């Protein structure tokens, strides 16, 4: 037959049309990606079922007989650094996942996030102060990007002389291009080194930050985080703590700008903003694809996925399933967004949801309330989308502030 290769332009040029075509044909279809055979789940029910099925592991460190487990997101990562990226809750299965998440939840709380609101609002104001009030500016470089980074650095205790650097590393890690596999693996080692230093200096000079707190956190029945776990969790909190938020702000800005009717709605009714954020995530999900490994044979949507298969749950395609979201291709800030899979589903549900919504709301509100004449500086069709199934986004978005 003819198997699709996720590396083709069909998955990067009007891709939601390609997911649509695949879905109606087969909601669970075999594909080729990065040289391996995998299974792409495009249907809503099938995707939701797969995330809820624990036979589909999240752990890339598990060893099986005559099997070489290879998650495409670790393309080019040496084993030592791979292990540093994969010893946290998102790369663990129960009961390991259970205690890891339990320990972290004790400190990464809603109270701590809420206590950050005035700071987030303060940082937003400042960045907007610096862009001016006329002409064209790169809203990503000048706003969408710095904001989440400054917020996460304060939450984690990352000081001035450290920030920015990781910015360039993370960019490399976001794309999975076999040609640049060694550069990708190189950037990965850089972040691992940076984190090792961060953690060490934090053990020596403790503060009020989340990292310090996770260092002394302990539970009577679950004990505490080991050095490796602490190091890996710190690493993922830093990276996952800002990247997806950059995508939310930037994609969100592009969408409101391109949907005047929807933007006006938000301007008129600020209470319609929280749901606009949820509709932004549903419309174009940043984590377009999440990976799972079939430890056992699993039947999804009538299809029997062979044991030891790599399954790619297309969260983004699922959010566009007609049977779940009527007229899914219509960006509507007023629609019911309940059930979208952008924050996950099941035991690995997004822990940072509270912070992500806070950032998206505060940021978009400020941006648009500050520049009532804001518009795109390029034709909508010219916007360049990040070519990644791992974390979709816009790296350059020129806007005109005054009009």
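Numbering follows the first chain given and starts at 1.
When the mean C-alpha temperature factors of 112-120 and 199-207 are read from the deposited coordinates, 199-207 comes out higher.
Mean CA temperature factor is higher for 155-163 when stretches 241-249 and 155-163 are set side by side in the entry. Take 168, 142, 99, 282 and read off each C-alpha B-factor from the entry; 168 has the highest. Within the selection 289, 91, 258, 106, the deposited Cα B-factor values reach their highest point at 258.
Looking at the C-alpha B-factors along this chain, the one for residue 184 belongs to the middle third. Annotation for residue 278: C-alpha temperature factor in the lowest third relative to the rest of the modelled chain, per the entry. Compared with the other modelled residues of the chain, the Cα B-factor recorded for residue 316 ranks in the lowest third. When the CA B factors of the chain's modelled residues are split into thirds, the value for residue 95 lands in the middle one.
Among the modelled residues of its chain, residue 217 has a C-alpha B-factor that falls in the highest third, as given in the PDB entry.
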